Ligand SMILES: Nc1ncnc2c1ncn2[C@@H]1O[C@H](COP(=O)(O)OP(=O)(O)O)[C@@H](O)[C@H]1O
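Starting off, we have a lone chain in the form solved without this ligand, written out as structure tokens.
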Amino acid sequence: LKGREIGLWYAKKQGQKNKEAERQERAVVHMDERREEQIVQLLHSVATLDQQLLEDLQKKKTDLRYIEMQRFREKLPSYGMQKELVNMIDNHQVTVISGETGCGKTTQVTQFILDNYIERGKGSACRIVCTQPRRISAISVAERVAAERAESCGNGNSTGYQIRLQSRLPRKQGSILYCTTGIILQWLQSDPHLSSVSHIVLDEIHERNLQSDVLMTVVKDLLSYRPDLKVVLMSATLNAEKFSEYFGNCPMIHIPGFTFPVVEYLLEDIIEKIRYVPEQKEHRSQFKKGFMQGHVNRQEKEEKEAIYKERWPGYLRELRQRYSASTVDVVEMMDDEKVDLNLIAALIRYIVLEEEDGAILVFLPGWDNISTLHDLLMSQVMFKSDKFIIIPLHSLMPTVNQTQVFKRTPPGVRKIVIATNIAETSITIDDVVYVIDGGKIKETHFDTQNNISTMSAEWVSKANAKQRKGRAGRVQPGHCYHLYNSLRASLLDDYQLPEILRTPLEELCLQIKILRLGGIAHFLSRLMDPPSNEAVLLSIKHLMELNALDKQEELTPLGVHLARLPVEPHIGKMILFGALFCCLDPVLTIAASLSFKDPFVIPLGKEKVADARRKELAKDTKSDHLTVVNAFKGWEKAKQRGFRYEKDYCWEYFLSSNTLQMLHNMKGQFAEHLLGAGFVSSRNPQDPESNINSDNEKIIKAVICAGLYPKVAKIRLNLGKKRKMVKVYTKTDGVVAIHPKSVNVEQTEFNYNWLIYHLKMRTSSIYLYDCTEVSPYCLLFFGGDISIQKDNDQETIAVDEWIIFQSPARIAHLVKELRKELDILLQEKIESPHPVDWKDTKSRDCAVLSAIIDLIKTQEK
């Protein structure tokens, strides 16, 4: 027999057996004999202040503290451009200010406008509002400005900041408000014209954030209605002319920066000076990227490497003319798919012996490289004494390793920091002088066709290289090392892809309609680098299925509440159903956690211990979002004992104190909006009146399934075959796997063979980052279109033509009819919210449904 014939036929025999085994593993759905009678019976019934500011400023000029602080402000490069910055702003409506690193344009341009208005006399008719891209940056900048003017932030002074759940608002007339980009967008709902604001300043707009792009376009549109409004942009050199052309060829400023001189060494220079010989047998390559990445640029990437291959032979010949032959072969036979950790380890060794005192900071793409490099350094004998200290940096590290990096060190310590791209944004070490830049960064994309979000490693853009280089020469002259040849440095991308072209455009689509800006499709055409038509059409269609939008995008009453809730549309529906079923407190904690981070932090050395503690918190719920509730519940009880007990609890279970505190403040915000709508009767999320079904884990799982319904996976289990194995499938993805960080990674005793996930990614294989099992009743009611069929087994009932259970015809008919009554009741309740009373006979469909979910179940199959 042919080899292909026997192999192909063998699959058919195995495939038939597998199909014939899944049909016998379907869960049976039946309730009772007495319960059916109850359901059937119910179903049959269906002026002087302006001048006072000038006097106050003159009096403050004699303060000793103010004079001392003013002397330092003179050294800033932006001080010399005070005449030009103030005069041009008062003339043109739109101005662009571009400056290199070192000039304090963020803390000086804002003060220049206020000082000019106060001195000229009409200083009470201005209100400068400055937008910052980070919560920490807003706080730090405001405090620095307050100390510069010899005042205190907030408390009715001339400066302040406002962020989420924290606002030290200054006085009304004059004053400066530093707020994140999100705050300004929320203001547009009340007053779309942004009145009572004289100057609006947008800084750090070169990062091309998601919310920054929306605000910039809205301001441009609003400019016509408000001729007297002045808006100032702040880019960072490079491609600063793009913003000028967008706004209509506005004037530009080129404020020079200030930085100590630095020297840049490429791959050829580093190898030649340190004489690095690669290890033998290390050239064994791997699969040549057998993934076929579907990135947005795709063809742009395919093009750039084409020139690189073409110019490769020419560049190599020129290199041999200058450098030695030994270094030429090393750079030629170097893998470009991964950073050479051996080269970095050798480079750090050379710096210690030869170069002078300083701090070394190295950028790495991800955790895998951070843990690998830390092993190479710790393995060697030299990097083990008390002299050298290594402080890894990552988001998952406990409180970014506290404040060890901030503290200075005596001579000889030579602290070494291994960090991801978290240190380049805002970490303020203020001590490093040698910077090693592994030219690889991790980017998150989104495929409009596969409807999945991937994550891979990409070469750093020319802007990222400049940002990393600028962290060395700030307080002392230093050195910057780049791990790529001169050919790569010329072919690097000028900028990263804007966030508007990546990430799903789901929350942004609802934000457009709540602001009455346009028609979603028309508004997403004046944005710089507008998204592709495929992504816009898919987002609208997905919202239509969720029923957040009408047949002609009219913002159905359900969608109104989703837009005003600062969460994703899927998460927002979970919050709304939590108040309807009176399971408020546990649901709010899950929604807050799903919206922003988890309170679990894993240190470097202890990775296996951290996973063991997380499984202990899960108890026997076989759930991932229920561990957050269990962790939060324990933390609250521990805090009652005392402050000392709370610290011990977080350390024992590797929890994060700051994240848990933020999650507690987020819960109160959600309940405040619900009270205004009318779903609840109090602002306290832990109201005993609205926490009736709060101690039941079955009701909570049903509510979660109501929110994240379309994401459902199968737990098809293969019996035997040595150790037990579980294969997880998806309707549109084929075969997926559970991420090792999840609780259910190694679980093989699932009561029901179904899951619900929230976040999935295609880093290397399709992964589910969190999943919880669901009973069949949780899918029958809060699911798709119920259908009754017959496939020679029984009166099988399907919710989406692929989720199939087993039930008799009589029972299945009752369940389908009950679902129809619930949908009508649920729609009416959302349109006219009410606290709902559990001591009446008006609409008891919810009461009957709760009894079915709470009781019965226990299929265990």
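The numbering used is simple: start at 1 and walk along the sequence shown.
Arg275, modelled here, also has coordinates in every other compared entry of this protein that models residues flanking it, well short of the third needed to call it frequently missing. Per the records, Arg474 is modelled in every other compared entry, just as the shown structure includes it, so no third of them leave it out.
According to the record, no deposited residue between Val40 and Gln41 is left without atomic coordinates.
Although it is not shown, the form deposited with this ligand bound is what the next lines describe.
Exactly one of the stretches 97-105, 494-502, 390-398, 662-670 approaches this ligand in the entry with it bound with heavy atoms within 4.5 Å, and it is 97-105.
Interface membership of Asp430, defined by any non-hydrogen atom within 4.5 Å of this ligand in the entry with it bound, is confirmed. This ligand is not shown here, but in the entry with it bound it comes within 4.5 Å of a heavy atom of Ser426. Put simply, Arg474 is close to this ligand in the entry with it bound: some heavy atom of it is within 4.5 Å. None of the heavy atoms of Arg320 is located within 4.5 Å of this ligand in the entry with it bound. Although this ligand is omitted here, in the entry with it bound all of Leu76, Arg144 and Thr259 have a heavy atom within 4.5 Å of it.
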